[PDB]
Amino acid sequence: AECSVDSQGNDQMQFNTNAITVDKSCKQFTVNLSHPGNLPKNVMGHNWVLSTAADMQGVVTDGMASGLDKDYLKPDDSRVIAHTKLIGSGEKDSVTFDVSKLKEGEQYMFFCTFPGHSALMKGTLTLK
């Protein structure tokens, strides 16, 4: 805990939070994502993807085009700071990343890239 947060993507197409702050003392930060619900990945999969607020749009749009087999992420997208995989219900994944990749004074956004989901499944992240 302290440098980790548990996140949930449900069958209603929402995340349980919309603002995560990363404490400057953390060397690494972990996101544990679970998918409560009953629906399969192909109709209601979720991932936790991080980028800057300004890159988000590019990542969601190139992710959408890559398709379900690339977990709707462009392979080696260098706008992507960190991402989990695309999980279906009852599945779980965790991503740990370097806090050094964040810089204080920049807005980040986490979001899901499964088509249409970022309209509700998104939140701000900031290093503080």
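Quick note: we count residues from 1 along the sequence shown, nothing fancier.
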Which has higher Cα B-factors on average according to the PDB entry: 32-40 or 74-82?
-> 74-82
Out of 7-15 and 112-120, which one has CA B-factors that are higher on average in the deposited record?
-> 7-15
Chain thirds by Cα B factor, record data; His46 belongs to the lowest
The third of the chain into which the C-alpha temperature factor of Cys26 falls is the highest
Looking at the C-alpha B-factor of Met56, is it in the lowest, middle or highest third of its chain?
-> lowest
